[PDB]
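See below for the structure under consideration.
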Amino acid sequence: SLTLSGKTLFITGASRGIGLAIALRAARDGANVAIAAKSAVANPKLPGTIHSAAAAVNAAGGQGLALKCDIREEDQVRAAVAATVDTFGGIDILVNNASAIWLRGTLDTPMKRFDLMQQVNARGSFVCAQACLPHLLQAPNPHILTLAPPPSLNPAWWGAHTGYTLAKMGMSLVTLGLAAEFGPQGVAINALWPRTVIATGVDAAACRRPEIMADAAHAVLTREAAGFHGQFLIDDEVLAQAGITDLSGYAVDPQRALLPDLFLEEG
Amino acid sequence: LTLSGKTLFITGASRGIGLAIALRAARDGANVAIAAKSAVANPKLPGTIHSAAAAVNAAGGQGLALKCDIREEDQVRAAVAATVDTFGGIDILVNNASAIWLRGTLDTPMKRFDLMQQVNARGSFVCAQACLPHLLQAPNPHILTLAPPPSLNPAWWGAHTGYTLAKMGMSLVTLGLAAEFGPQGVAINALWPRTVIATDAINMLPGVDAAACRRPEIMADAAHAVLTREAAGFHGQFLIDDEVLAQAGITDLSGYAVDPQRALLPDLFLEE
Ligand SMILES: [Ca+2]
């Protein structure tokens, strides 16, 4: 089987949710995982920290590094990348997972909220790519994997929540540009997005668990990077190609019709 | 088709395209709020909110000089409030903005990335947000953003990702705003020049001589043609100056050339 043994992953926002799931799937292989996230001090209101994540990585079979990194701050990103290189010797894989969401219209989106989304999503992916690339370019099989949808100019999607669509498609379009620039230099710069809503008026019973994205990420990240860039991939399709065709186990409640994810057309 | 008595809020209109738009509207008797950062002049990049407001007055309009850095939400809100207190409303918002940096990602410092996102995409969003409550009450409301048609062309994204994100961001904000508010009868559209336009910003375009450009007045005149259209049923369009002017019966564009002895340079972000 393909493995991330010996590889070093820098994963943003991986104190919880999809980032943590991806971290743990890589850890199972013996990967080094740098958890770069803002949450350091334990808060019951939003459980999970860089430190709990690093411990979970260690318990899952990997080597965890907890890095206090508010990715809105370039200096913290730079410091976290240097720490990762100092601890593990390099960076093989960047996963741009950190994301903030808010589905209201423009008159109902305070600039504080708009700014949080732009800074964490599109800007966070850009600055992390910028900081990691010098090290990625020296690795044997470098990946940047951004958790973002295929780019779209669908006016309905844009009008539905312009602030969030700007920030999330921003991640997609940063991926598009990075892939165009650096893909030809051997870096696999791609995106991965879930078919359904992931449980991390939206009902978790109509969702899938984050392990679908962890397993899909694994399938992408173990691919040869040379010649593999600018792709916008979906979890179910990735897993099918990898030989995982029975997705029933990923369902929170397998008797429920699944909620479709934002930013994918339904055929 | 006149802008007489209409109130325009134009960002960055101390010089260049914004100023030209301001003066074309002034000629009709429009009220123009000049929302820009420069209050006092410097040798390098002339024009201030005060010279622009004075020029609007000289041209036949009513100018209002507003010291406004559009990076600052509080200043934008303050400027919009002052405009309403001065003229009674806002009929037209023109999102005009200049922050360019044509380099690759490793050569695009975060300070420059941030300047671009803040002035371009964010600036358009925050000004739209602040003006919309007033636009929605106006007889013939427009938002006109000076931005290109949205494109997913990978070459354009790869060439200078930070800048493309920022400027396409203005287009994408327009796309979303039009989808949300267009149905309420707000004419939310974009306008982009076929060619490069001669302004201070050509300094950020290596090799580009003003002589191979068009004058800002082509954008001023195309803007006027857009802004005097009925707003109902006219949203989500990404318009080009030459095409707008052709529809308006202006097909001879030769007078808009800076220098007829030079071939015109095609603009960024348009397929040839
Ligand atoms: Ca919505």
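Going by the structure tokens order, chains are called A, B, ..., each with residues numbered from 1, while ligands are numbered from 1 in the order shown.
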
Can you check which residues of chain A have any atom within 8 Å of chain B? Use only C-alpha atoms and format it as a PyMOL selection string. chain A and resi 74+105-107+111+127+130+151+153+155-162+166+170+173-174+176-181

According to DSSP computed on the backbone, where in stretch 178-258 of chain B is there helix (DSSP H, G or I)? Give the residues as a count of residues only. 36

Selected residue of minimal separation from ligand 1 among A:165, A:255, A:241, A:196, counting only C-alpha atoms and all ligand atoms: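 Closest to ligand 1 of all the choices is A:165.
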
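Nearest to ligand 1 of all the residues A:186, A:194, A:163, A:90 is A:163, counting only C-alpha atoms and all ligand atoms.
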
As a PyMOL selection string, please: the residues near stretch 243-256 of chain B (cut-off 10 Å, only C-alpha atoms, same-chain neighbours under 6 positions excluded). chain B and resi 191+193-194+197+213-219+221-226

Residue neighbourhood residue A:8, 6 Å, only C-alpha atoms, exclusion window fewer than 5 positions, as a ChimeraX atom specification: /A:32-33,91-92

Give me, please, the distance in Å between atom CA of residue A:201 and atom CA of residue A:232, quoted to one decimal.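 Atom-to-atom, atom CA of residue A:201 and atom CA of residue A:232 are spaced 28.1 Å apart.
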
Distance query stretch 35-47 of chain A at most 7 Å, only C-alpha atoms, self and fewer than 6 positions along chain excluded, as a list in words: residues 10, 11, 12, 13, 14, 15, 54, 65, 66, 67, 68, 69, 70 and 80 of chain A

Near residue B:131, counting only C-alpha atoms, which residues have an atom at most 7 Å away, once you skip same-chain residues fewer than 3 positions from it, shown as JSON, numbers by chain? {"B": [80, 90, 127, 128, 134, 135]}

Between atom CA of residue B:139 and atom CA of residue B:7, what distance in Å does the model show, to one decimal?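 Those two atoms sit 11.4 Å apart.
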
Exercise: residue A:246 partners within 10 Å, only C-alpha atoms, chain neighbours under 6 positions left out, as a list in words: residues 236, 239 and 240 of chain A

If you keep N, CA, C and O atoms, can you produce a file of those selected residues as an mmCIF file, in the first residue's frame?
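The result, written out as selection-v4.cif:
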```
data_model
loop_
_atom_site.group_PDB
_atom_site.id
_atom_site.type_symbol
_atom_site.label_atom_id
_atom_site.label_comp_id
_atom_site.auth_asym_id
_atom_site.auth_seq_id
_atom_site.Cartn_x
_atom_site.Cartn_y
_atom_site.Cartn_z
ATOM 1 N N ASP A 236 -15.370 11.663 -3.181
ATOM 2 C CA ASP A 236 -15.996 10.393 -3.595
ATOM 3 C C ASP A 236 -15.291 9.839 -4.830
ATOM 4 O O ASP A 236 -15.010 8.632 -4.911
ATOM 5 N N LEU A 239 -11.738 8.607 -4.004
ATOM 6 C CA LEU A 239 -11.752 7.351 -3.294
ATOM 7 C C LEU A 239 -12.085 6.197 -4.251
ATOM 8 O O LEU A 239 -11.483 5.138 -4.169
ATOM 9 N N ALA A 240 -12.994 6.431 -5.191
ATOM 10 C CA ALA A 240 -13.363 5.395 -6.197
ATOM 11 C C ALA A 240 -12.142 4.976 -6.974
ATOM 12 O O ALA A 240 -11.902 3.797 -7.162
#
```

Can you work out which one of B:96, B:140, B:145, B:14 has the shortest atom-to-atom distance to residue B:48, counting only C-alpha atoms? B:14

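Residues of stretch 38-188 of chain A that DSSP, applied to the backbone, places in strand (DSSP E or B): residues 63, 64, 65, 66, 67, 68, 93, 94, 95, 96, 143, 144, 145, 146 and 188 of chain A.
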
A:49, A:262, A:19, A:72 ranked by distance to ligand 1, top pick (using only C-alpha atoms and all ligand atoms):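 The shortest atom-to-atom distance to ligand 1 comes from A:262.
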
d(atom CA of residue B:61, atom CA of residue B:31) in Å: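 Computed distance, atom CA of residue B:61 to atom CA of residue B:31, equals 5.7 Å.
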
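The shortest atom-to-atom distance to residue B:2, with only C-alpha atoms taken into account, belongs to B:30 out of B:97, B:208, B:58, B:30.
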